[PDB]
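Participant: Please find the sequence and an experimentally derived structure below.
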Amino acid sequence: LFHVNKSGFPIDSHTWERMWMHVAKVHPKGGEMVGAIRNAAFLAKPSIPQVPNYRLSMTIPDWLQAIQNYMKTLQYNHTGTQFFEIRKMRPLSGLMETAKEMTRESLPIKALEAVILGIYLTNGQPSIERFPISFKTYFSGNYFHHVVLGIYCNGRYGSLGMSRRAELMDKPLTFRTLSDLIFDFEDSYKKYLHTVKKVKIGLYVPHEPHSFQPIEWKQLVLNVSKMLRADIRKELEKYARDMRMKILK
Amino acid sequence: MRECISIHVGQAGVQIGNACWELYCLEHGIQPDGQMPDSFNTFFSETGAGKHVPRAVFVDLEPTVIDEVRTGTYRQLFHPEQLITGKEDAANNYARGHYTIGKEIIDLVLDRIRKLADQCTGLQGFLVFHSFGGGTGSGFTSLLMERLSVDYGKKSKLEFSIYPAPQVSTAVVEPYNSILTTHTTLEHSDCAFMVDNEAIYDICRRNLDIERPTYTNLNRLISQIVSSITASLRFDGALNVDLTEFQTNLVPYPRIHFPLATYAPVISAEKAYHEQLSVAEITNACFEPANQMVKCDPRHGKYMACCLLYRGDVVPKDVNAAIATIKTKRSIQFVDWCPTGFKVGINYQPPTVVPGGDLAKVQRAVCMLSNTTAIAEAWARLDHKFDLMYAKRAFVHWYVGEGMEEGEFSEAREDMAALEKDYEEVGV
Amino acid sequence: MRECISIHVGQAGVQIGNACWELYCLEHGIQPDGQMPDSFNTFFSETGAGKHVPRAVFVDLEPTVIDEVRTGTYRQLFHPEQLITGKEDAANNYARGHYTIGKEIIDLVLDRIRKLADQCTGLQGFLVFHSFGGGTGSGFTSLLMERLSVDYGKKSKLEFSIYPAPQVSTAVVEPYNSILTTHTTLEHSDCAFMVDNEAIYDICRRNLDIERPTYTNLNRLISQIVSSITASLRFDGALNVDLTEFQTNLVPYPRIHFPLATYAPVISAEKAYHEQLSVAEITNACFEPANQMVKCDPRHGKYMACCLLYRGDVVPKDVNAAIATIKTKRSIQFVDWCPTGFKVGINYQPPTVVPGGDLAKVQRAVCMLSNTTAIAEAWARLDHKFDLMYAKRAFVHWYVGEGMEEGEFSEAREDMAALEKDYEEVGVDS
Amino acid sequence: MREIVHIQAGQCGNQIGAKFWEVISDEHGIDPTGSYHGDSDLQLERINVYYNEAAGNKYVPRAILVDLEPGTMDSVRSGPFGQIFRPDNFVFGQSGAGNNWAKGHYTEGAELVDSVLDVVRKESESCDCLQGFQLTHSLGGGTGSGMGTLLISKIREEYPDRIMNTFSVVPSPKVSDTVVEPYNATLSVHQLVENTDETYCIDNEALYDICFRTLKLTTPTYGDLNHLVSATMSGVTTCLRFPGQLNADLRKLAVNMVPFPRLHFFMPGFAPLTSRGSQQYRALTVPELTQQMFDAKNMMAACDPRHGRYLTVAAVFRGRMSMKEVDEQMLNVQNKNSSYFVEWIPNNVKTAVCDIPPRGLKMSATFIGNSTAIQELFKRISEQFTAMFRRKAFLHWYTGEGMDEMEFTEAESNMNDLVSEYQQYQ
Ligand SMILES: Nc1nc2c(ncn2[C@@H]2O[C@H](COP(=O)(O)CP(=O)(O)OP(=O)(O)O)[C@@H](O)[C@H]2O)c(=O)[nH]1
Ligand SMILES: Nc1nc2c(ncn2[C@@H]2O[C@H](COP(=O)(O)OP(=O)(O)OP(=O)(O)O)[C@@H](O)[C@H]2O)c(=O)[nH]1
Ligand SMILES: Nc1nc2c(ncn2[C@@H]2O[C@H](COP(=O)(O)OP(=O)(O)OP(=O)(O)O)[C@@H](O)[C@H]2O)c(=O)[nH]1
Ligand SMILES: [Mg+2]
Ligand SMILES: [Mg+2]
Ligand SMILES: [Mg+2]
């Protein structure tokens, strides 16, 4: 499994050599390009993507699109080594500090820190409202998990996130219902012959950055595979109504 | 060990709770100030120096009725914090109670329910009192019932609602509120007990011969029924029926849990002299259509399951003879798949009489609960009322503007269509 | 043969000490004039003819509060030399209290400490009372604690501070004082018990039903907690816990010793009749978030170690039962590396109620101390305050004018960041 | 002859010892003032086992009391039967050890240890035939654990040819009143194994279970638990003071219970324990006692004997009974429960009958079972140790007294060694 940087910055010797051993092992050709990049005297300096700023004139779907293209520009991590250690139960303010230092450094990003970045970017807009979604799925005799960030601006459901695949990480605000969104995710997942087993939905995140409220991820959980989609849709629409009225607590 | 905590919501709930707690205080001997001059353990808690505090939580979004209780004759009984108030009522609006004004107060009451439940060694269940017509007693009870179901998933909740009457009404948007409350009272309850004001008015006009009754008489009768239900936990008798034994023998299918109560003998203090009041007579009186506390016709429906909770000077042989006589009647039509449908319980404690009430000092009484199918009609009329208003979308702008959406009306109506279909399905 | 000496610095410290010594004189039966009409030995010295002298040192750079005590009803209690006074206040300035105006008085107090600690045989520690916001309670406490730490290396010092509240405040330069005092409170003291005014205002408004409480009520509550802490030294019970015992029980690592206190049952005389107030009830009342005397929610943290000092009519079986029901609850989250996290202590003397105050004459009471990780919020907010002002260099010229150096402002901030990081990195799983 | 020296360390040990002395003095018929007002000459025949004669014909206990805080001396001397002790045998310190093993063994206890050896030496050289010593203490603490360990090490180094009997109250997981119990417990029992001949692991949870279940007490204070422990204590060594048909001193129990040198940690019991209400619904006969002793709900250590065979068992009966009854009963007890006994020991029961019963009873019996289930009582502690020492929590308080980190690893390694050795015979 992919390992996590924990020495702050810069990267310590142990994690450095561990990552290089990992990439040497997995890469079939292996040592040639690895050693070439190690002993490369000069390499092209990557540019710094500029953090976009909210503007009132331009519309909110284009805002979500803009954050999505910036995230795409940030070169999604497939090196197999996390660079910013995240804790689920940690209070929100620590995650805001993590998000702002991550934007300062602008390194490769995975799904969890991608949705944290999305929360950090969208925290400035009371009209926009966002929450997490998680899937636990089954394929090839092993279980895998994925996480994305849903949005409910202007009475419409949309999705942001990251993945090595293309269509599993970005949807627009064009969904009347949350059920249509999650079933679209299920169909895209089936397109790769991966079976979703369980689906989990949390809560709207508070709009105050400097707070200690933790992020909820398990407030709703279903076993999607066993049950027929009608009951799933009914329970999900009940839950969406319970959420947008702020009743759940 | 055998304890229940009662919750009173809205004006109707609080005003019935007044009569209920007066009745319990008279039953167990407690003075209005709490000082007695071990059956009390079900409802009361001793707090040293011989002071008994009720296990009650009075709630309302308006400090006008709870203020009357606070300054009334029972000011020294309830714990001062148990009485919980707001600032502005729900205003006959479901959405004001369930969404806007209710969310600022629910935590303060759930904390006290938790604090009360911690004091119980063994908790039996809840007793929620409310009314369907109101906005507090619909939205707030929906919110509270959802939260209690999430928190205490095992305990059984028994509602005692005041269903709107066919003719007499004191509000223009009762159908909307009732249809919205039905979802919570069907999903989260265990035994909803429906009541009408017209039926009890007629009962006092015929039997008690009170030509100009008011809400005090109605609340006293309802309180007498509630005291009859929970008699087996407090006192002792030949055949005892607690809440879970009570729920079984009455609920054949998980959704069919809407019985309707009855009581007998209700008579004036002067008419008792000429009347024998034997067991057979009160048993027959319980089954007549003129003593039902819902304006409904039991003759057009079959009794699925029945339960006769006796109390006072009774012995099982007369009860058996009475039930045998009842079962051979042709008007009393039972359902085929229930060859026996009579649960019996007996207590040695006869009924009590409040000093200011117009009821006779009887020697034996019976509370008759029935899961009959006639109550569908009592719902059907109300659905008709809904159909007249929702066609024009009348009064809907208040509900949508308060926060609620519009599809909730349609889905509540379809759920009532489903419920009536289910009630018609059985008894075929 | 078991003692501790009390130092009260600044207006807040002196005013809390007033209530504290009122309470102590009440508990042991000492008259206001110090004449009784051997459990008093912890706080009082007998000097022939029954005269009782508190082991206190009242200090303030400004003479008005000390003069108020000199003219008050306890003029005959303290002997006059203990009440030391300056000439002009520190004026909410750390640099005046520490460097400029503190130098002229510090020797005159240190020797007095050297006198008092030379009268006792066995000494357990010090009870320092101060406030973070002030210029006296910060700078003068810094100087005094530095001098004592270099003097008595191995004597525990217990600060009882008053941390600034999040929203309620009564000064414009509080963050600059608190951040500067964070260096002395760490690394010199042994157990600092933070307290807020907003939390106690809420407690008095809700529990005691007082719409207009003033500082006297807050001082009475804090006095009750301190008298509960220093109770196993004066009386006897089933379990006894002196200073070093609960210091070893609480402080896991050397650099995190900031517990937050609690008390129960706080109830008015009217609501007492409708309440039972058993051991289980009061034990559960300590853990609800509406009773913490620091404006922070303990539900967003974990408890490292806890200490439940019971007193009154209690027996250990009830305490074990209550601790069991607490351990069953999933809301109250403890840390995995502390499988046992309760230090129990029972005492036989019940609480004492001052006549002029408003608290029920209850029969048992518990003081709960918790080394929880939720305290960092109470720090984090204040750092933000500092960050908003120091960015503009606002008010810095006042501090640098009194000889203070500017780099210390950034050094204190990075020290506080290090403290928060260390406090957060523990409590992680495994 | 065969005289016994008794020592007490810590609050728990001091209180249990005070109750033990009250029980013993009542048994022998001794005035609270120390004078003798007995009735039977059997009481006075073997008074010298625990008492010293003193001029004016009064009896002083052969006891020594130690603590690092002087409050417990005041409480013990003020309490009942506090004046019998000799004042010069009291040894106090300046302040307690908080709860710190390294404080009560290396820094603050090493200065007071010389006085306790000196008084013990005086008491032991003022007698002719010394059998052994008896200490009371608790493992979960700083004083009773560290000071007790230091004391037994020194005394054993000075008397290689005697026996010891430490009645240590082990720490249990459910009832817990201290945050650093596992460290102290492991550090002490590292040294109890090699420097002791018998150890009777009492526990508070099992005692509370006995009070609630059998005795049916509403409010069990520490007085009741100390009374039960004192009853066991008086039961164990009764054969040294009274005649019996088949008697057994401490060394006979030592050579019967212990097959291998390291296995000397016992679990006691006692019968008949009966509630006040249920006095009249029992026969008070040998079958009742024998059934009550082997009841799993009667052991004073919070362990389930069903998860371990008994290596060896003892039962010191007390009263006027027949001997064929005892033999047949403790034979069929073994045959009925053969699955709960060891196959490679032909006989697992050593009996002993003494004529004189307790004061308020017609007959009684004391169970002393060497069960292999006792590993559980240690296993839990080891787990707690590994929970804390993994993160070095609370550890700097012990390193501050000059105690290195490798001691903790050594003690834990030995702890696992002992648990493995006990588990080996299942
Ligand atoms: N049967 C009894 N058990 C007790 C008694 N006192 C304590 N115990 C238990 O002892 C356990 C800890 O023992 P101690 O407090 O005596 C440790 P000690 O005093 O010897 O060292 P210091 O704390 O340094 O004084 C405590 O958790 C109690 O559960 C008692 O009087 N009787
Ligand atoms: N039987 C009986 N019915 C009552 C009593 N008080 C009110 N009601 C009924 O309650 C119905 C309306 O509900 P309310 O209780 O007034 O409304 P609410 O629950 O207080 O909610 P709000 O309107 O927001 O105050 C009316 O149709 C009344 O018939 C009473 O004391 N006895
Ligand atoms: N609880 C409590 N807090 C007080 C009291 N008096 C002042 N404070 C707090 O003290 C803070 C201000 O610092 P002070 O203690 O007054 O400063 P000082 O000690 O007088 O030092 P100088 O400013 O030089 O006079 C305020 O934020 C108050 O919250 C009091 O009587 N009780
Ligand atoms: Mg109203
Ligand atoms: Mg001042
Ligand atoms: Mg001690």
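Facilitator: Great, that's in hand. Residues are numbered from 1 along each chain as shown, chains lettered A, B, ... in the order given. Ligands and ions are numbered 1, 2, ... in the order given.

Participant: Get me the contact residues on chain A for chain C.
Facilitator: Residues of chain A lying close to chain C (CB under 8 Å from any CB of the partner chain) are A:87, A:91, A:93-94, A:210, A:212-214. C-betas here are computed from N, CA, C, even on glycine.

Participant: Which of the helices or strands spans residue 137?
Facilitator: With no chain named, the answer covers chain A. For residue A:137, the host element (DSSP states H and E) is strand A:130-139.

Participant: wrong one, chain D
Facilitator: strand D:130-138.

Participant: Now do that strand: everything it contacts.
Facilitator: D:2-10, D:12-14, D:16-17, D:20, D:124, D:144-145, D:147-148, D:151-152, D:155, D:159, D:162-169, D:171, D:197, D:240, D:249-251 (CB atoms under 8 Å, 6 or more residues apart in numbering or on different chains).

Participant: coming back round to it: mind checking which of the residues of chain A next to chain C are in helices?
Facilitator: Using DSSP state H, A:93-94 are the members of these that sit in helices.

Participant: how about the residues of chain A next to chain C, which pair is most distant?
Facilitator: Largest separation among the residues of chain A next to chain C by CB to CB: A:87 and A:210, giving 17.5 Å.

Participant: Say whether chain A is contacted by stretch B:409-427.
Facilitator: No: applying CB under 8 Å from any CB, one finds stretch B:409-427 separated from chain A by no less than 9.6 Å.

Participant: residues near residue A:194, how many?
Facilitator: Residue A:194: 19 surrounding residues under other CB atoms under 10 Å in any protein chain shown.

Participant: Would you mind listing the residues in contact with the closest residue to residue D:408 other than its chain neighbours?
Facilitator: Excluding the flanking residues, the one nearest residue D:408 by CB to CB, 6 or more residues apart in numbering or on different chains is residue D:389, at 5.8 Å. Going by CB under 8 Å, 6+ apart, residue D:389 touches D:183, D:395, D:408, D:412.

Participant: Columns distance to residue A:42 and neighbour count on top of those residues, output as CSV?
Facilitator: Shown next, in CSV, are those (distance: CB to CB, whole Å; neighbours: other CB atoms under 10 Å in any protein chain shown):
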residue, distance to residue A:42, neighbour count
D:183, 58, 26
D:395, 51, 18
D:408, 54, 21
D:412, 55, 18
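
Participant: List just the nearest of the residues you listed to residue A:12.
Facilitator: Nearest to residue A:12 among these, with distances taken as CB to CB, is residue D:395, at 25.8 Å.

Participant: Please report how far the closest one lies from chain A.
Facilitator: Distance of residue D:395 to chain A, given as CB to the nearest CB, to the nearest Å: 23 Å.

Participant: sorry, back to before: which other helices and strands does the strand holding residue A:137 contact?
Facilitator: Where contact means 3 or more CB pairs under 8 Å, 6 or more residues apart in numbering or on different chains; DSSP states H and E, strand A:130-139 is packed against helix A:111-122, strand A:142-151, helix A:178-191, strand A:195-201.

Participant: And the shortest one, how far out from the chain middle?
Facilitator: Centroid displacement of strand A:195-201 relative to its chain, using CA atoms, centre = their mean, to the nearest Å, is 16 Å.

Participant: what are the pairing partners of the helix or strand following that strand, and which direction each?
Facilitator: Per DSSP H and E, the first helix or strand lying C-terminal to strand A:195-201 is strand A:220-222. Neighbouring strands of strand A:220-222 in its sheet, by DSSP bridges, are strand A:195-201 (antiparallel).

Participant: Just the buried residues of the strand it pairs with, please?
Facilitator: Within strand A:195-201, the residues that qualify as buried are A:196-201, counting by 16 or more other CB atoms under 10 Å in any protein chain shown.

Participant: can you count the residues close to whatever residue of the stretch 151-300 of chain B ends up closest to ligand 3?
Facilitator: Nearest residue of the stretch 151-300 of chain B to ligand 3, counting by CB to the nearest ligand atom: residue B:151, 37.4 Å away. The number of residues packed near residue B:151 is 12, by other CB under 10 Å.

Participant: quick one on the thing from earlier: tell me which two of the contacts of residue D:389 sit farthest apart.
Facilitator: Taking CB to CB, no two of those sit farther apart than D:395 and D:412, at 13.1 Å.

Participant: Which stretches in chain B count as strands?
Facilitator: Under the criterion DSSP state E, chain B carries strands at the ranges B:3-9, B:44-46, B:52-54, B:56-59, B:123-129, B:156-160, B:191-193, B:263-264, B:303-312, B:342-345, B:364-372.

Participant: quick one, what contacts the residue positioned nearest the centre of chain B?
Facilitator: Nearest to the geometric centre of chain B sits residue B:160, at 2.2 Å (CA atoms, centre = their mean). Residue B:160 makes contact with B:16, B:127-130, B:193, B:195, B:222, B:226 under the criterion CB under 8 Å, 6+ apart.

Participant: For those, could you give me TSV that also reports distance to ligand 4 and neighbour count?
Facilitator: Below are those laid out as TSV (distance: CB to the ion, whole Å; neighbours: other CB atoms under 10 Å in any protein chain shown):
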residue	distance to ligand 4	neighbour count
B:16	14	25
B:127	20	23
B:128	17	26
B:129	14	28
B:130	12	30
B:193	21	24
B:195	18	23
B:222	18	23
B:226	21	23
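
Participant: just checking: which of those also lie near ligand 2?
Facilitator: Applying CB under 6 Å from any ligand atom to these, one finds that nothing falls near ligand 2.

Participant: Let me know the helix or strand that whatever residue of the stretch 51-200 of chain D ends up closest to ligand 6 is in.
Facilitator: Minimum separation of the stretch 51-200 of chain D from ligand 6 (CB to the ion) falls at residue D:96, amounting to 4.7 Å. Assessed by DSSP H and E, residue D:96 sits outside every helix and strand.

Participant: and the spatially most central residue of chain D, what are its bridge partners?
Facilitator: Nearest to the centroid of the C-alpha atoms of chain D, with distances taken as CA atoms, centre = their mean, sits residue D:167, at 2.0 Å. Legend: beta-bridge partners of residue D:167 under DSSP bridges are residue D:136.

Participant: Would you mark the buried spots in stretch B:19-38?
Facilitator: B:19-25, B:27-28, B:30, B:34.

Participant: So which residues of the stretch 151-300 of chain B form helices?
Facilitator: Ranges of helices within the stretch 151-300 of chain B are B:174-187, B:197-206, B:215-229, B:231-234, B:243-247, B:279-286, based on DSSP state H, counting those that start in this stretch.

Participant: Let me have these in a markdown table, extended by distance to residue D:298.
Facilitator: Shown next, in a markdown table, are the helices of the stretch 151-300 of chain B (distance: least, CB to CB, whole Å):
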| stretch | distance to residue D:298 |
| --- | --- |
| helix B:174-187 | 52 |
| helix B:197-206 | 63 |
| helix B:215-229 | 47 |
| helix B:231-234 | 38 |
| helix B:243-247 | 37 |
| helix B:279-286 | 56 |
